Amino acid sequence: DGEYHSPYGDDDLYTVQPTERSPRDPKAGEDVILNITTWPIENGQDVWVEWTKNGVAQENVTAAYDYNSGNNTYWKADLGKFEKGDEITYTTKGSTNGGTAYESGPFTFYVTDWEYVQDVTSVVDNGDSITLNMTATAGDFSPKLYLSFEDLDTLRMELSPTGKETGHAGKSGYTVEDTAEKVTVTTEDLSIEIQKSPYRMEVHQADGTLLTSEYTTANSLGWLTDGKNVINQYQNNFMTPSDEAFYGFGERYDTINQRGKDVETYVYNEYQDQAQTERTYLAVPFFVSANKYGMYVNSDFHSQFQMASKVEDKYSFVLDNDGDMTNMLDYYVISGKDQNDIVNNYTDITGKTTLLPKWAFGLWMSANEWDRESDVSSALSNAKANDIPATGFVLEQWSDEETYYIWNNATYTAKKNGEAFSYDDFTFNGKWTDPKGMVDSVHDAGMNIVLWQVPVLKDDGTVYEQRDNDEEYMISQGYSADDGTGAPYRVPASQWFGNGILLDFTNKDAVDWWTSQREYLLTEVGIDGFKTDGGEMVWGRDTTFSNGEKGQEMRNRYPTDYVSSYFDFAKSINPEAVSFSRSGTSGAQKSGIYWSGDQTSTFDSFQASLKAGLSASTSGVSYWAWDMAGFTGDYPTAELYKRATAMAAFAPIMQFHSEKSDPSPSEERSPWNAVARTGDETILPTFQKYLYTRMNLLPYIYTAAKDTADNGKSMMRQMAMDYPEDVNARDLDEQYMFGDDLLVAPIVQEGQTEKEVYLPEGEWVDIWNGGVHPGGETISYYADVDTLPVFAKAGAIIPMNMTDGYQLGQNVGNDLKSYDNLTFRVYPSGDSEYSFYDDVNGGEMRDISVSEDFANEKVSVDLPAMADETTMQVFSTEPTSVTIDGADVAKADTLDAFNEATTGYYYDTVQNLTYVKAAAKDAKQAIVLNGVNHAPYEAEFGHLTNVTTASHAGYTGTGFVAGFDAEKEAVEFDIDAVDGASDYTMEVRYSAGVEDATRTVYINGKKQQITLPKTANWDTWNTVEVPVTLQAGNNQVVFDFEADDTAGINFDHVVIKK
Ligand SMILES: [Mg+2]
Ligand SMILES: [Mg+2]
Ligand SMILES: [Mg+2]
Ligand SMILES: [Mg+2]
Ligand SMILES: [Mg+2]
Ligand SMILES: [Mg+2]
Ligand SMILES: [Mg+2]
Ligand SMILES: [Mg+2]
């Protein structure tokens, strides 16, 4: 028998327990209902509420029955409505036939209402901080708003509604212009304009361009208070034009642009339907606007961002508080040199990404089904047999599934008083007879291993000696958080690891103990990190932590305290250790890899994963992964597996994984198992091509990883991060930039082969074949299931690790300590520079500079001192000569000859790349390619009409356009002016062995006829020069066979030169 009421239940954002108070935190004028339960169901029950209002006893309120369920009756007591300031204290009670009363409480609530800033009454300039003394719209407080500069381009606002707290100092490099009606604060990067009556702030760039501004009607900034004991929420409101896009907010699965949505900063473990429910494991109260600013609300409490979700030209944040009147609202408006610089300034505030060892950037292999030594040896043999040189290996199903720090099947004499075990305390049996040996085999294969962990001590009621011993110790030492009544906090019964006791990661002694238990795994077993799963486990309004903080504040922070604790611990013993986790908040980026969680093997889930990675990127989480092709649901189709593999190879972290613990047939998302499950053998060569290409690009990828750590630039970025003004790039979620120079456009729609790619202004070159694409339009690229459109930006310098074959997709292995052929792929366009992180050679910075001078038929490269021999691959026509420090280097006729030479150059006719080999030197080397022009525009890659392609020796590219000999046929080119609007010479290379031919050429609609003289035979190519006038952007150059034209031609390419 009993009674029960608990006003906040588990304080879940999305649901309510059936015995809560509603609303949980009443405001003035809201009817207050108390839901109460009694058991068992019996006639003669009475349920009532004994209470006081402002210390005065009120008449008891009788509860009315609502419904019965199971063994219980549910009741509703209506306390009515209250006024701001009312302090209500109540006790709910239940009795049957006037007998023993059962009760809950007492519980107290303070009725609140909103107060807003009215006017600025005075401004005090303290040199490193500015205080705005304010009046309020209601109540008796004397609010103060403090302004400070974290940097000259980053403004910090700290509001003290009572005025009793003081803001923090910042930079002194500002000037103030204060008048009766307005105060303007200026730095070399910002102009902050503040009207005083009513108070209203506008933030502008130094040049006057508006970034952000408080909502037009003012009274935008407020706090929710009873006017005495508590402040429960804060808010601010801002004006936003219809076109403004909002990115970030942590890891979001529904959309990359949150305009129109109410975004909750609340970590949550949502299985599979994250997009549909709009939930996430990793929530950050930071967004970046394409209007060139970021906003960061500095608080771990839940916040709701209403992004034009209620009023079409308004966005607001509503931030929660635990009632403490001394907690100031603290937020930043962040500007910078560009959008990526905004993210960098945000990481200055919340923490830089920690560079991880290079092994983290190779392929990670995982499968929950791997649960014994024979599975590991088979996984390693399968990888080798299938030429899959991975670098990472994860074990999830490795432990006893009780303590989670002991190997499955291991025997030992249980320990009391939380004493740690050493390797020798165990007798290893069955599934893991030699864990150290098993780890040694993984290392021998060139891989590093991580073990799965959770932040909770299991307690499902079953008896298990060691776990029961650890629980007793943990409770006696206070290593758990407190439920608010002196007992250990336990995860709600219905959740994952329900009834389990969380380790209080805010308690250093608790963290030292918990980690001491896992110490032997690092010191003796030799592991390389932990896959720290979970952490979205803090519920309860009264849950209390060692740092004095409670549930509201700690829910979002807990996962990051947990993840960071393990990351730091592992790295303290093994400097190469890496963490792999899913949950966190601001600051998550300091502690390893984040994967997108539990999704299904579908194209819809693939789309959501990409959105998750792009939003996480904007939020400063750059080292991001996903379970390629999904970890559960029906096995992926060959098409999905291939599409996912391509994107995964061009993502920050590449990793396959699977959910099922013991399936038949295997559920591994490995390439060999994918061939077996789908029967499609072609999956293997396709996976190999992408894995090999990733390893060929490892030098470029790892330099990008270092740039994230140093400059805050995420590895994979949504298009508007690099092109915020470009209206075409605002909502793109099926393409992205990878590193500084590659535009990647994965195919994420089932059955799609015609892929739209938006190309920003500039010139983009297909990295696989040399196809040229002028920017400023959306192109349609034919991409079969094995193809991934990837383009290099104009001026790109891309370091690669190549084999003697020198093509992308050739297996260089997984050696992380040396290069095979260190190569720099270059797409010359003006003067460009690149800073290479030569980690193989001590981590030295190598500054490479390229100077394109096609107007004078030259391209120069300034190669700094290098420890290794270097190969340049420069996109251009064939040079007449190549010099290194003024001396000519020998021309190699074949690739074999090039590989034999110690210095020299070779021209790759298929790729239109000039290879130049330079020996290792403790001094700079000046390389100059002479007689070179912009690489040809291959006829064979143009837009063809009623004509097809074919492949006579001596041609450039893959062949030429053939059967161009009848009216209505056409070959169209998208051509770029090499140096802006001007007259140029267009070389037309063709063969006409049977007769003189003529074609009519249109240059941006302007017609001219050209004559192509007979060649000796079809094996004799010839080039005719044609004067043309090109302008900025894409020049449409059409070659038509019209009424008055004649003869057959084979058409190889066109070259644009001075
Ligand atoms: Mg900065
Ligand atoms: Mg197994
Ligand atoms: Mg080691
Ligand atoms: Mg304590
Ligand atoms: Mg869509
Ligand atoms: Mg120049
Ligand atoms: Mg060699
Ligand atoms: Mg050709």
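The values are calculated or read from the model by the stated rules, or taken from the named source; nothing here is a laboratory result. Cβ atoms come from the backbone with ideal geometry, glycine included; neighbour counts cover every protein chain shown.
Data for the structure
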read-out: Some residue of the range 770-784 being out of contact with any helix residue (DSSP H, G or I) (no Cβ under 6 Å at 6 or more places or on another chain), over 23 Å from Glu940 (Cβ atoms) and not polar (S, T, N, Q); value: yes
read-out: Among the candidates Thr883, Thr870, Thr914, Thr877, residue that is away from ligand 6 (no atom under 16 Å from the Cβ) and under 19 Å from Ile701 (Cα atoms); value: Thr870
read-out: Elements of type helices (runs of 4 or more DSSP H) in the range 583-694, at least 3 residues being more than 24 Å from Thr753 (Cα to Cα); value: 603-618, 671-678
read-out: Qualifying positions in the range 812-847 - surrounded by 14 or more Cβ atoms within 10 Å (Cβ to Cβ), of a type outside the set (D, E, K, R), more than 16 Å from ligand 6 (Cβ to nearest atom) and part of a loop (DSSP other than H, G, I, E, B); value: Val812, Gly813, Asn814, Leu816, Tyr819
read-out: Only listed residue being over 23 Å from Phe580 (Cβ atoms) and among the hydroxyl-bearing types (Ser, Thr, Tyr), chosen from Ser476, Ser441; value: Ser476
read-out: Near pairs, Cβ below 9 angstrom, 6+ apart or cross-chain, from the range 602-625 (among the β-branched types (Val, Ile, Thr)) to any residue that is away from ligand 1 (no atom under 16 Å from the Cβ) and in a loop (DSSP other than H, G, I, E, B); value: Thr602/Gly630; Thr602/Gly633; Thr602/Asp634; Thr602/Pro636; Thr602/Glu750; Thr618/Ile256; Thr618/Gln718; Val621/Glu251
read-out: Per-region count, the range 373-416, residues under 22 Å from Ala510 (Cα atoms) and either within 16 Å of ligand 5 (Cβ to nearest atom) or not in a loop (DSSP other than H, G, I, E, B) (or both); value: 1
read-out: The range 571-587, subset over 20 Å from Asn448 (Cα atoms) and surrounded by 24 or more Cβ atoms within 10 Å (Cβ to Cβ), residue nearest to ligand 1 (Cβ to nearest atom); value: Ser586
read-out: Top-ranked residue in the range 519-536 [being outside any helix (DSSP H, G or I) and more than 16 Å from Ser564 (Cα to Cα); ranked as farthest from ligand 6 (Cβ to nearest atom)]; value: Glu524
read-out: Some residue of the range 76-85 being over 48 Å from the mean Cα position of the chain (by Cα), under 30 Å from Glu553 (Cα atoms) and outside the structural domain of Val263 (by CATH); value: no
read-out: Residue within the range 174-190 that is of a type outside the set (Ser, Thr, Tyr), out of contact with any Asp or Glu (no Cβ under 7 Å at 6 or more places or on another chain), outside the structural domain of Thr347 (by CATH) and within 29 Å of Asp731 (Cα to Cα) present; value: no
read-out: Residues being hydrophobic (A, V, I, L, M, F, W, C) and either within 26 Å of the chain's Cα centre (by Cα) or part of a loop (DSSP other than H, G, I, E, B) (or both) - total across the range 766-778; value: 2
read-out: Flag for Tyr806 being hydroxyl-bearing (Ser, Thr, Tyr), closer than 26 Å to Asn933 by Cα and part of a loop (DSSP other than H, G, I, E, B); value: yes
read-out: Residue in the range 275-283 that is under 17 Å from the mean Cα position of the chain (by Cα), part of a loop (DSSP other than H, G, I, E, B) and surrounded by fewer than 21 Cβ atoms within 10 Å (Cβ to Cβ) present; value: yes
read-out: Qualifying residue in the range 603-616 (condition: over 19 Å from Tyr281 (Cβ atoms) and away from ligand 3 (no atom under 16 Å from the Cβ)); value: yes
read-out: Residue match in the range 1026-1033 (condition: touching a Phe, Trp or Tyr at 6+ places or on another chain (Cβ under 7 Å) and in the same structural domain as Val961 (by CATH)); value: yes
read-out: Unmet requirement for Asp1019, which otherwise passes all of (1) surrounded by 15 or more Cβ atoms within 10 Å (Cβ to Cβ); (2) part of a loop (DSSP other than H, G, I, E, B); value: (1)
read-out: Contacts under 8 angstrom Cβ, first residue in the range 542-563 being away from ligand 5 (no atom under 16 Å from the Cβ), partner of a type in the set (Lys, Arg) and not in a helix (DSSP H, G or I), 6 or more apart; value: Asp542/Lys550; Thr543/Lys550; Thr544/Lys550; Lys550/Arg541; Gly551/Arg541; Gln552/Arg541
read-out: Which listed residue, of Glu419, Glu369, is assigned to a loop (DSSP other than H, G, I, E, B), acidic (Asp, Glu) and over 37 Å from the mean Cα position of the chain (by Cα); value: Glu419
read-out: Complete set of residues in the range 931-943 that are away from ligand 6 (no atom under 16 Å from the Cβ) and touching a strand residue (DSSP E or B) at 6+ places or on another chain (Cβ under 6 Å); value: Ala935, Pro936, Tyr937, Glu938, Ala939, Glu940, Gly942, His943
read-out: Long-range neighbours under 7 Å by Cβ, at least six apart or interchain, first residue among the hydroxyl-bearing types (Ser, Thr, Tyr) within the range 1013-1041, second in a loop (DSSP other than H, G, I, E, B); value: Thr1015/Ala992; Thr1015/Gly993; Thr1015/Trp1021; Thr1020/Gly993
read-out: Which numbered condition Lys793 misses (of (1) of a type in the set (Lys, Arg); (2) touching a strand residue (DSSP E or B) at 6+ places or on another chain (Cβ under 9 Å); (3) under 22 Å from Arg643 (Cα atoms)); value: (3)
read-out: Qualifying residue in the range 983-1002 (condition: away from ligand 3 (no atom under 16 Å from the Cβ), among the charged types (D, E, K, R), surrounded by 15 or more Cβ atoms within 10 Å (Cβ to Cβ) and not in a strand (DSSP E or B)); value: no
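Here's the yes/no breakdown for (1) assigned to a loop (DSSP other than H, G, I, E, B); (2) touching a helix residue (DSSP H, G or I) at 6+ places or on another chain (Cβ under 6 Å); (3) more than 19 Å from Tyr346 (Cβ to Cβ); (4) not assigned by CATH to the domain that holds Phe603:
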position: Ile701; (1), (2), (3), (4): no, yes, yes, no
position: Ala704; (1), (2), (3), (4): no, no, no, no
position: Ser714; (1), (2), (3), (4): yes, yes, no, no
position: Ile747; (1), (2), (3), (4): yes, yes, yes, yes
position: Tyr758; (1), (2), (3), (4): no, yes, yes, yes
position: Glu761; (1), (2), (3), (4): yes, no, yes, yes
